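Chemist: Sending over entry.tsv (TSV, N, CA and C atoms).
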chain	number	residue	atom	x	y	z
A	1	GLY	N	203.68	22.25	106.78
A	1	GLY	CA	204.77	23.25	106.72
A	1	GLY	C	204.86	24.07	108.02
A	2	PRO	N	206.03	24.65	108.27
A	2	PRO	CA	206.24	25.45	109.48
A	2	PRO	C	205.31	26.68	109.57
A	3	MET	N	204.91	27.29	108.44
A	3	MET	CA	204.02	28.46	108.53
A	3	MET	C	202.56	28.12	108.75
A	4	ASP	N	202.17	26.84	108.56
A	4	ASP	CA	200.77	26.48	108.65
A	4	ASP	C	200.10	26.86	109.97
A	5	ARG	N	200.79	26.65	111.09
A	5	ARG	CA	200.14	26.93	112.41
A	5	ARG	C	199.82	28.46	112.57
A	6	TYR	N	200.69	29.28	112.00
A	6	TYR	CA	200.48	30.73	112.00
A	6	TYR	C	199.43	31.17	110.97
A	7	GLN	N	199.44	30.53	109.82
A	7	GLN	CA	198.41	30.79	108.78
A	7	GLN	C	197.00	30.50	109.21
A	8	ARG	N	196.85	29.51	110.06
A	8	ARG	CA	195.54	29.20	110.62
A	8	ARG	C	194.99	30.26	111.52
A	9	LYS	N	195.82	31.20	111.96
A	9	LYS	CA	195.38	32.24	112.86
A	9	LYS	C	195.14	33.57	112.18
A	10	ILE	N	195.21	33.61	110.84
A	10	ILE	CA	194.91	34.82	110.11
A	10	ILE	C	193.51	35.31	110.44
A	11	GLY	N	193.40	36.59	110.77
A	11	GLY	CA	192.11	37.17	111.22
A	11	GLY	C	192.05	37.36	112.74
A	12	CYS	N	192.91	36.69	113.49
A	12	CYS	CA	193.04	36.95	114.91
A	12	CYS	C	193.75	38.24	115.26
A	13	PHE	N	193.61	38.61	116.53
A	13	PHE	CA	194.24	39.78	117.09
A	13	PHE	C	195.34	39.41	118.04
A	14	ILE	N	196.44	40.13	117.98
A	14	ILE	CA	197.56	39.94	118.88
A	14	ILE	C	197.94	41.28	119.50
A	15	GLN	N	198.60	41.24	120.64
A	15	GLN	CA	198.91	42.45	121.39
A	15	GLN	C	200.37	42.58	121.26
A	16	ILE	N	200.81	43.43	120.34
A	16	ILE	CA	202.20	43.51	120.02
A	16	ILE	C	202.82	44.51	121.00
A	17	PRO	N	203.83	44.07	121.76
A	17	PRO	CA	204.47	44.97	122.73
A	17	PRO	C	205.05	46.18	122.02
A	18	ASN	N	204.78	47.35	122.58
A	18	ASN	CA	205.27	48.66	122.10
A	18	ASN	C	204.58	49.16	120.85
A	19	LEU	N	203.55	48.46	120.40
A	19	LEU	CA	202.82	48.89	119.23
A	19	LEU	C	201.37	48.98	119.51
A	20	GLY	N	200.77	47.92	120.00
A	20	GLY	CA	199.36	47.90	120.28
A	20	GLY	C	198.71	46.62	119.73
A	21	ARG	N	197.40	46.60	119.75
A	21	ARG	CA	196.61	45.52	119.21
A	21	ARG	C	196.71	45.55	117.67
A	22	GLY	N	196.99	44.40	117.06
A	22	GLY	CA	196.97	44.29	115.61
A	22	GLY	C	196.27	43.04	115.12
A	23	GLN	N	195.60	43.13	113.97
A	23	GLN	CA	194.99	41.97	113.37
A	23	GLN	C	195.99	41.30	112.40
A	24	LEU	N	196.20	40.00	112.57
A	24	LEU	CA	197.10	39.25	111.70
A	24	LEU	C	196.41	39.06	110.32
A	25	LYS	N	197.05	39.53	109.28
A	25	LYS	CA	196.47	39.43	107.94
A	25	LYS	C	197.27	38.61	106.90
A	26	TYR	N	198.53	38.34	107.18
A	26	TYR	CA	199.39	37.67	106.22
A	26	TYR	C	200.50	37.01	106.96
A	27	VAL	N	200.90	35.81	106.51
A	27	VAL	CA	202.09	35.21	107.02
A	27	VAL	C	202.89	34.65	105.86
A	28	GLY	N	204.14	35.04	105.73
A	28	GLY	CA	204.93	34.53	104.64
A	28	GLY	C	206.12	35.36	104.32
A	29	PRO	N	206.82	35.01	103.22
A	29	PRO	CA	207.92	35.81	102.77
A	29	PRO	C	207.44	37.14	102.12
A	30	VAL	N	208.35	38.07	102.01
A	30	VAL	CA	208.13	39.34	101.34
A	30	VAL	C	209.23	39.50	100.34
A	31	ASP	N	208.85	39.78	99.09
A	31	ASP	CA	209.84	39.95	98.00
A	31	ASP	C	210.92	40.93	98.38
A	32	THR	N	212.17	40.48	98.18
A	32	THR	CA	213.40	41.27	98.49
A	32	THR	C	213.84	41.39	99.96
A	33	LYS	N	213.15	40.68	100.85
A	33	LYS	CA	213.47	40.72	102.28
A	33	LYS	C	213.81	39.32	102.69
A	34	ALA	N	214.53	39.20	103.79
A	34	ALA	CA	214.98	37.84	104.26
A	34	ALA	C	214.04	37.32	105.31
A	35	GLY	N	213.61	36.07	105.20
A	35	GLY	CA	212.86	35.43	106.31
A	35	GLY	C	211.36	35.56	106.16
A	36	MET	N	210.63	35.09	107.17
A	36	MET	CA	209.21	35.06	107.14
A	36	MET	C	208.71	36.26	107.92
A	37	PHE	N	207.53	36.74	107.55
A	37	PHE	CA	206.95	37.96	108.11
A	37	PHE	C	205.50	37.76	108.48
A	38	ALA	N	205.07	38.48	109.51
A	38	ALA	CA	203.65	38.61	109.78
A	38	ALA	C	203.25	39.97	109.24
A	39	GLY	N	202.21	40.03	108.45
A	39	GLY	CA	201.61	41.27	108.05
A	39	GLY	C	200.43	41.51	108.97
A	40	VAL	N	200.44	42.65	109.64
A	40	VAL	CA	199.38	43.00	110.56
A	40	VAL	C	198.75	44.34	110.24
A	41	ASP	N	197.50	44.50	110.59
A	41	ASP	CA	196.85	45.75	110.42
A	41	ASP	C	196.70	46.33	111.87
A	42	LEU	N	197.33	47.46	112.13
A	42	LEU	CA	197.28	48.06	113.50
A	42	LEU	C	196.04	48.96	113.73
A	43	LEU	N	195.17	49.09	112.74
A	43	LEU	CA	193.91	49.82	112.84
A	43	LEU	C	194.03	51.28	113.26
A	44	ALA	N	195.19	51.85	112.96
A	44	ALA	CA	195.56	53.20	113.10
A	44	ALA	C	196.83	53.41	112.29
A	45	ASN	N	197.12	54.67	111.97
A	45	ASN	CA	198.28	54.98	111.17
A	45	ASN	C	199.61	54.97	111.90
A	46	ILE	N	199.84	53.94	112.70
A	46	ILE	CA	201.09	53.74	113.41
A	46	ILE	C	201.93	52.62	112.79
A	47	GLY	N	201.51	52.15	111.63
A	47	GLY	CA	202.29	51.23	110.81
A	47	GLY	C	203.08	51.96	109.76
A	48	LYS	N	203.40	51.30	108.68
A	48	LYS	CA	204.24	51.84	107.63
A	48	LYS	C	203.68	51.75	106.25
A	49	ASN	N	202.58	51.01	106.03
A	49	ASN	CA	202.14	50.74	104.67
A	49	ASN	C	200.67	50.43	104.62
A	50	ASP	N	200.17	50.28	103.39
A	50	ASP	CA	198.78	49.94	103.11
A	50	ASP	C	198.60	48.47	102.74
A	51	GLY	N	199.52	47.61	103.18
A	51	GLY	CA	199.42	46.23	102.93
A	51	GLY	C	200.07	45.75	101.63
A	52	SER	N	200.67	46.67	100.88
A	52	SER	CA	201.38	46.36	99.69
A	52	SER	C	202.88	46.67	99.85
A	53	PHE	N	203.73	46.03	99.05
A	53	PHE	CA	205.17	46.30	99.10
A	53	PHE	C	205.63	46.06	97.68
A	54	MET	N	206.41	47.01	97.17
A	54	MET	CA	206.93	46.96	95.77
A	54	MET	C	205.87	46.75	94.74
A	55	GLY	N	204.73	47.38	94.90
A	55	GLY	CA	203.67	47.21	93.96
A	55	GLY	C	202.85	45.94	94.06
A	56	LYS	N	203.20	45.01	94.96
A	56	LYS	CA	202.34	43.84	95.17
A	56	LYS	C	201.50	43.94	96.44
A	57	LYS	N	200.24	43.53	96.34
A	57	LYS	CA	199.36	43.49	97.51
A	57	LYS	C	199.58	42.22	98.30
A	58	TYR	N	199.92	42.36	99.57
A	58	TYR	CA	200.00	41.25	100.49
A	58	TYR	C	198.73	41.09	101.31
A	59	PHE	N	198.17	42.21	101.76
A	59	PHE	CA	196.92	42.19	102.49
A	59	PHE	C	196.23	43.55	102.47
A	60	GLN	N	195.06	43.58	103.03
A	60	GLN	CA	194.25	44.78	103.08
A	60	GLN	C	194.40	45.49	104.45
A	61	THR	N	194.51	46.80	104.40
A	61	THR	CA	194.56	47.58	105.67
A	61	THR	C	193.34	48.53	105.69
A	62	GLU	N	192.91	48.86	106.87
A	62	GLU	CA	191.82	49.79	107.08
A	62	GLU	C	192.21	51.22	106.68
A	63	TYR	N	193.43	51.61	106.98
A	63	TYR	CA	193.97	52.93	106.73
A	63	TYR	C	195.29	52.92	105.96
A	64	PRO	N	195.66	54.06	105.37
A	64	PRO	CA	196.81	54.06	104.43
A	64	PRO	C	198.13	53.69	105.03
A	65	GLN	N	198.31	53.90	106.33
A	65	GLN	CA	199.51	53.49	107.01
A	65	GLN	C	199.30	52.60	108.19
A	66	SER	N	198.23	51.80	108.21
A	66	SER	CA	198.00	50.94	109.34
A	66	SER	C	198.62	49.56	109.19
A	67	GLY	N	199.21	49.30	108.04
A	67	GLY	CA	199.80	47.98	107.83
A	67	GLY	C	201.26	47.96	108.22
A	68	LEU	N	201.71	46.80	108.72
A	68	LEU	CA	203.14	46.64	109.09
A	68	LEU	C	203.61	45.19	108.90
A	69	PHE	N	204.79	45.01	108.33
A	69	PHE	CA	205.43	43.71	108.21
A	69	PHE	C	206.36	43.56	109.39
A	70	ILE	N	206.21	42.50	110.18
A	70	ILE	CA	207.06	42.25	111.34
A	70	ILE	C	207.71	40.89	111.16
A	71	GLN	N	208.98	40.77	111.50
A	71	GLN	CA	209.67	39.46	111.37
A	71	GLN	C	208.93	38.45	112.19
A	72	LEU	N	208.55	37.36	111.56
A	72	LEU	CA	207.69	36.38	112.18
A	72	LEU	C	208.20	35.90	113.55
A	73	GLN	N	209.50	35.74	113.69
A	73	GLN	CA	210.05	35.23	114.96
A	73	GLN	C	209.73	36.12	116.13
A	74	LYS	N	209.57	37.43	115.88
A	74	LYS	CA	209.23	38.36	116.94
A	74	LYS	C	207.85	38.22	117.47
A	75	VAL	N	206.93	37.69	116.68
A	75	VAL	CA	205.53	37.57	117.12
A	75	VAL	C	204.99	36.15	117.11
A	76	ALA	N	205.82	35.17	116.81
A	76	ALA	CA	205.31	33.79	116.69
A	76	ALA	C	204.61	33.30	117.95
A	77	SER	N	205.19	33.52	119.14
A	77	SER	CA	204.51	33.05	120.35
A	77	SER	C	203.20	33.79	120.60
A	78	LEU	N	203.15	35.08	120.27
A	78	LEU	CA	201.89	35.83	120.41
A	78	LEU	C	200.83	35.27	119.52
A	79	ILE	N	201.20	34.85	118.30
A	79	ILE	CA	200.21	34.33	117.38
A	79	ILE	C	199.72	32.94	117.84
A	80	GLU	N	200.64	32.14	118.34
A	80	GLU	CA	200.29	30.83	118.90
A	80	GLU	C	199.28	30.94	120.05
A	81	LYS	N	199.50	31.88	120.95
A	81	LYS	CA	198.56	32.12	122.06
A	81	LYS	C	197.22	32.69	121.62
A	82	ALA	N	197.16	33.39	120.50
A	82	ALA	CA	195.90	33.97	120.02
A	82	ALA	C	194.90	32.85	119.70
A	83	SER	N	193.62	33.15	119.84
A	83	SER	CA	192.57	32.18	119.55
A	83	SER	C	191.42	32.85	118.83
Translate the structure of the given file into structure tokens.

Modeler:
Amino acid sequence: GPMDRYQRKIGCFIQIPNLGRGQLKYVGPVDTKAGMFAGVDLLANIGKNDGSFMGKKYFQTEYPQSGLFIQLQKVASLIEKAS
């Protein structure tokens, strides 16, 4: 599947422009949103969530607002380069 190459990189770190270093924790759809998403933990409260959305847990965050869902297309090349 198209998400498999990104799913293999879960647990890696990427350097998201204008945000900072984030750990990739989830790749996939999000209920009620269009398209595929990367769930990242920014390891500081500069995200928007705790890894859950609409009462469902997608991933774990270190802090209450360190999690962020980003449209996968925006970070796909960064995730590919991560090792």

Chemist: So which one's closest to residue 71 in chain A, A:14, A:19, A:30, A:38? Using only N, CA and C atoms, please.

Modeler: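 Looking at the shortest contact to residue 71 in chain A, the residue is A:38.
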
Chemist: So that I can see what lies close to residue 10 in chain A, please list as number ranges by chain the residues with an atom at most 6.5 Å from it, counting all atoms listed in the file and leaving out residues fewer than 5 positions away in the same chain.

Modeler: A: 24-26

Chemist: From the DSSP assignment of the backbone, select every residue of chain A that is strand (DSSP E or B), and format the answer as a PyMOL selection string.

Modeler: chain A and resi 13-16+20-29+36-41+49+52-53+56-57+67-71

Chemist: One decimal, in Å: what's the spacing between atom C of residue 53 in chain A and CA of residue 81 in chain A?

Modeler: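 Interatomic distance here is 29.0 Å.
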
Chemist: Name all residues at most 7 Å from residue 21 in chain A (count only N, CA and C atoms; drop same-chain ones fewer than 3 positions away) and give them as a list in words.

Modeler: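 Near neighbours after the sequence-gap exclusion: residues 13, 14, 15, 16, 41, 42 and 43 of chain A.
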
Chemist: Name the residues of chain A that come out as alpha helix (DSSP H) in a backbone DSSP run; write them as a PyMOL selection string.

Modeler: chain A and resi 4-7+72-81

Chemist: Please, what is the axis-aligned box for every listed atom of range 55-64 of chain A with 5 Å on each side, as centre and edge lengths in Å to one decimal, as AutoDock Vina command-line options?

Modeler:
--center_x 198.3 --center_y 47.6 --center_z 100.5 --size_x 22.9 --size_y 23.0 --size_z 23.1

Chemist: Could you please determine the separation between atom N of residue 40 in chain A and CA of residue 23 in chain A in Å, to one decimal place?

Modeler: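 So the two atoms, atom N of residue 40 in chain A and CA of residue 23 in chain A, lie 6.6 Å apart.
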
Chemist: Could you complete range 36-60 of chain A so that it carries N, CA, C and O atoms, and give it back as a compact mmCIF listing (two decimals), in the frame of the given file?

Modeler:
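Result saved to selection.txt:
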# COMPACT_ATOMS: atom_id res chain seq x y z
N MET A 36 210.63 35.09 107.17
CA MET A 36 209.21 35.06 107.14
C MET A 36 208.71 36.26 107.92
O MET A 36 209.36 36.75 108.79
N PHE A 37 207.53 36.74 107.55
CA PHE A 37 206.95 37.96 108.11
C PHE A 37 205.50 37.76 108.48
O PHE A 37 204.77 37.01 107.85
N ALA A 38 205.07 38.48 109.51
CA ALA A 38 203.65 38.61 109.78
C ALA A 38 203.25 39.97 109.24
O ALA A 38 203.90 40.96 109.57
N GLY A 39 202.21 40.03 108.45
CA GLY A 39 201.61 41.27 108.05
C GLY A 39 200.43 41.51 108.97
O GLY A 39 199.52 40.65 109.06
N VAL A 40 200.44 42.65 109.64
CA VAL A 40 199.38 43.00 110.56
C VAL A 40 198.75 44.34 110.24
O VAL A 40 199.39 45.22 109.72
N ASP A 41 197.50 44.50 110.59
CA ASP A 41 196.85 45.75 110.42
C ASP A 41 196.70 46.33 111.87
O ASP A 41 195.99 45.75 112.71
N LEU A 42 197.33 47.46 112.13
CA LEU A 42 197.28 48.06 113.50
C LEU A 42 196.04 48.96 113.73
O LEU A 42 195.90 49.52 114.79
N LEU A 43 195.17 49.09 112.74
CA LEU A 43 193.91 49.82 112.84
C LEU A 43 194.03 51.28 113.26
O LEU A 43 193.10 51.86 113.81
N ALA A 44 195.19 51.85 112.96
CA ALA A 44 195.56 53.20 113.10
C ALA A 44 196.83 53.41 112.29
O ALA A 44 197.57 52.45 111.98
N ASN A 45 197.12 54.67 111.97
CA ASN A 45 198.28 54.98 111.17
C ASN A 45 199.61 54.97 111.90
O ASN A 45 200.38 55.91 111.74
N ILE A 46 199.84 53.94 112.70
CA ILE A 46 201.09 53.74 113.41
C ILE A 46 201.93 52.62 112.79
O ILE A 46 202.97 52.21 113.36
N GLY A 47 201.51 52.15 111.63
CA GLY A 47 202.29 51.23 110.81
C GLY A 47 203.08 51.96 109.76
O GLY A 47 203.40 53.09 109.93
N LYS A 48 203.40 51.30 108.68
CA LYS A 48 204.24 51.84 107.63
C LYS A 48 203.68 51.75 106.25
O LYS A 48 204.28 52.32 105.34
N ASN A 49 202.58 51.01 106.03
CA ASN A 49 202.14 50.74 104.67
C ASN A 49 200.67 50.43 104.62
O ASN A 49 200.01 50.32 105.64
N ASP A 50 200.17 50.28 103.39
CA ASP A 50 198.78 49.94 103.11
C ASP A 50 198.60 48.47 102.74
O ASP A 50 197.64 48.10 102.07
N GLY A 51 199.52 47.61 103.18
CA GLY A 51 199.42 46.23 102.93
C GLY A 51 200.07 45.75 101.63
O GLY A 51 200.04 44.55 101.32
N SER A 52 200.67 46.67 100.88
CA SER A 52 201.38 46.36 99.69
C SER A 52 202.88 46.67 99.85
O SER A 52 203.25 47.41 100.73
N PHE A 53 203.73 46.03 99.05
CA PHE A 53 205.17 46.30 99.10
C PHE A 53 205.63 46.06 97.68
O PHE A 53 205.31 45.05 97.08
N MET A 54 206.41 47.01 97.17
CA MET A 54 206.93 46.96 95.77
C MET A 54 205.87 46.75 94.74
O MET A 54 206.06 45.98 93.82
N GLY A 55 204.73 47.38 94.90
CA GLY A 55 203.67 47.21 93.96
C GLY A 55 202.85 45.94 94.06
O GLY A 55 201.85 45.85 93.34
N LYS A 56 203.20 45.01 94.96
CA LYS A 56 202.34 43.84 95.17
C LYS A 56 201.50 43.94 96.44
O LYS A 56 201.99 44.32 97.47
N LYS A 57 200.24 43.53 96.34
CA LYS A 57 199.36 43.49 97.51
C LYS A 57 199.58 42.22 98.30
O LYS A 57 199.44 41.12 97.72
N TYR A 58 199.92 42.36 99.57
CA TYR A 58 200.00 41.25 100.49
C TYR A 58 198.73 41.09 101.31
O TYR A 58 198.28 39.97 101.57
N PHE A 59 198.17 42.21 101.76
CA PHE A 59 196.92 42.19 102.49
C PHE A 59 196.23 43.55 102.47
O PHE A 59 196.77 44.53 102.02
N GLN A 60 195.06 43.58 103.03
CA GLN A 60 194.25 44.78 103.08
C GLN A 60 194.40 45.49 104.45
O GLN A 60 194.37 44.83 105.50
